[PDB]
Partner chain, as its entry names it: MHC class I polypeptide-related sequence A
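Next up: just one chain, as structure tokens, the form solved without the partner chain.
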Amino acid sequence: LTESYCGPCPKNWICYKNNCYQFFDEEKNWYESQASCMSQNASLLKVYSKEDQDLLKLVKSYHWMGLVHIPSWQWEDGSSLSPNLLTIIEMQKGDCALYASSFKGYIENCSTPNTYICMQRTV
């Protein structure tokens, strides 16, 4: 119940535990979605902590996140996917993944248009 601040974030972004999130409903393929986040000084959603990002339990439908398959799964920044964070489930043949609740990743062709989530970290 103790009060603190959250951010810094741009005003039009949701802030939660010092990460900034923005939802985009205009459907784009994975690459176009990544480019859109980058144009906003951001990246596609990166899942690094179930506790610090527990708001993702409330995220419904299916959205691009920054997770890609190198033919291991890894993020845009080049870091690998930590274990016990996401359950990765096959769906459509492809090398990208859609976030869905709760902490699931559905494999999807990178060229399929989807909604997407951008995230900015503050540290």
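Numbering follows the first chain given and starts at 1.
One more form of this protein, deposited with the partner chain bound, exists but is not displayed; see below.
The closest non-hydrogen atom of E90 lies within 4.5 Å of the partner chain in the entry with it bound. The closest heavy atom approach of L98 to the partner chain in the entry with it bound falls within 4.5 Å. Residues of 98-119 lying near the partner chain in the entry with it bound, listed in sequence order, are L98, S102, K104, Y106, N114, the criterion being any heavy atom within 4.5 Å.
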